Each structure stands twice: as C-alpha cells, then as structure tokens.
Amino acid sequence: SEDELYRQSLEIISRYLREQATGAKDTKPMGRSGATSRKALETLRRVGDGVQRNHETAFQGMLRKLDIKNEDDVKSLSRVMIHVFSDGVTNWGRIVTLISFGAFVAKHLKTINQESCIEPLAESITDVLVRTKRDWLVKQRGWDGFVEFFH
Ligand SMILES: CCc1sc2ncnc(O[C@H](Cc3ccccc3)C(=O)O)c2c1-c1cc(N2CCN(C)CC2)c(O)c(Cl)c1C
C-alpha cells in the first residue's frame, strides 16, 4: 500500500490488457486520479493499437520465439522483459512498446483459453515498468506526462 504510481500503473495496464484480449471495456470505477487513468487508457487504445498494427509481424515473430502455452511461459516472459526493457534507454516510445507487446500476448492467451494468466502478465509488466523505471517516471510526471506527451 502507499504507492500511487504502482497502483495507477496496474489499473491502467491491467484494464488495457483485459479489454485488448476480450474486446469489452471495464466499467468498474477508477480509483484516485480517475481523470488521468481514463485519459491514459484512451491514449493506450490509440497509441498501443497503432504499435500492434504497425509492427504485427515483428510482434508475431517474438510471440512465436517465446512459445507461450501456459502460466510457466508467462513467468519466464518477465525475465525476458527485464533484460530487453531495463538497459538504460527510457522513453514513452519503448514503454508503449512494452505495454503493446503485453496486449498482443494477452490476445494470444485469450485465443489459447489461458485467460487466467492475463492478470499475472499485467502485474509482471507493471512490476517491470515501475520497479526498473521509478525515478524516470516520477521525473516525467508519471501518467499525466504520458497523456501530455502523446495528446
Ligand atoms: C519482450 C519483447 C519486447 S518487450 C519490449 N519493450 C520495449 N521495447 C521493445 O522493443 C523495442 C523495439 C521494437 C520492437 C518491435 C516494435 C517496436 C519496437 C526496443 O527494444 O526498443 C520490447 C520488446 C521487443 C524487442 C525486440 N528486440 C529485442 C532485441 N533487440 C536487440 C532488438 C529488438 C523485438 O524484436 C520485439 Cl518484436 C519486441 C516486441
């Protein structure tokens, strides 16, 4: 508890991944900073959908390599995301790439009837994001900066 950046990040990443996998928009209400989370989510729908479409084949090739079939395969993904994601280059571009690839994997977990792994995948992406990029994100004003960068 007492970590708004983490809680907001999970709300937004979790909601994007569920709605990308199922095509249904979450109606359950947003917590503190609702206005910023809704706008964050709206921006992911536009920018994250763009990355998935623009780079479908790069995304498909990686999903094919990672050979995700189950809960264990999702747990191995975290360490891959750390190696690729935490390497000293931080920008909203690569952050959207991370979250877009997550939604792409989430869609695949729906298609293979492994939708019980989507909430853990979201947690693992959130943990990689906030654990490894905390000071950059606070400098960029967190999700308010995200929305302002892409509006
Ligand atoms: C777990 C998969 C993930 S998490 C994540 N998070 C942020 N950015 C990523 O990648 C972009 C490039 C990028 C790739 C595809 C589309 C847009 C940008 C980047 O690192 O700066 C990735 C990738 C990622 C990384 C790669 N690589 C890995 C090895 N490097 C040397 C070459 C690019 C890749 O081919 C693909 Cl398809 C992805 C999805």
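Can you tell me which residue is farthest from the ligand (Cβ to nearest atom) among those in segment 105-120 that are in a loop (DSSP other than H, G, I, E, B) and exposed (fewer than 14 other Cβ atoms within 10 Å of the Cβ)?
Ranking the qualifying residues of segment 105-120, first place goes to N113.
Only one of these is free of Cβ contacts under 8 Å to residues at least 60 places away in the same chain, under 23 Å from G145 (Cα atoms) and outside any helix (DSSP H, G or I): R32, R38, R15, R94. Name it. Explain how you work it out, then say what you get.
Details: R38 fails: outside any helix (DSSP H, G or I); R15 fails: outside any helix (DSSP H, G or I); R94 fails: outside any helix (DSSP H, G or I).
Every option except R32 fails the conditions.
Is it the case, given these coordinates, that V80 is out of contact with any helix residue (DSSP H, G or I) (no Cβ under 9 Å at 6 or more places or on another chain) and β-branched (V, I, T)?
Spelling it out, it is not the case that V80 is out of contact with any helix residue (DSSP H, G or I) (no Cβ under 9 Å at 6 or more places or on another chain) and β-branched (V, I, T).
Any residue at all in segment 56-76 that's over 23 Å from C117 (Cα atoms), over 15 Å from the mean Cα position of the chain (by Cα) and surrounded by 12 or more Cβ atoms within 10 Å (Cβ to Cβ)?
The answer is no, given that none of the residues of segment 56-76 is over 23 Å from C117 (Cα atoms), over 15 Å from the mean Cα position of the chain (by Cα) and surrounded by 12 or more Cβ atoms within 10 Å (Cβ to Cβ).
Take the residues in segment 123-151 that are part of a helix (DSSP H, G or I) and of a type in the set (K, R), then tell me which one is farthest from the chain's Cα centre (by Cα).
Of everything passing the filter in segment 123-151, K139 is farthest from the chain's Cα centre (by Cα).
Of these, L66, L41, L98, which one is in contact with a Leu (Cβ under 9 Å, 6 or more places away or on another chain) and under 21 Å from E11 (Cβ atoms)?
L98
Have a look at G102, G88 and point out the one that is within 14 Å of the ligand (Cβ to nearest atom) and outside any helix (DSSP H, G or I).
Numbers: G102 fails: outside any helix (DSSP H, G or I).
Sole residue among the options that is within 14 Å of the ligand (Cβ to nearest atom) and outside any helix (DSSP H, G or I): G88.
Scan segment 1-23 residue by residue and report those that are surrounded by fewer than 18 Cβ atoms within 10 Å (Cβ to Cβ), under 17 Å from the mean Cα position of the chain (by Cα) and not acidic (D, E).
Scanning segment 1-23 gives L5, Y6, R7, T22, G23.
Please enumerate the residues belonging to segment 53-78 that are within 18 Å of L109 (Cβ to Cβ), more than 9 Å from the ligand (Cβ to nearest atom) and assigned to a helix (DSSP H, G or I).
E56, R64, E71, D72, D73, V74, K75, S76, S78
Because the Cβ atoms are built from the backbone with ideal geometry, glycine has one as well, and the counts that use them run over all protein chains shown. Computed from the coordinates by the stated procedures, all read-outs in this text should not be read as laboratory data.
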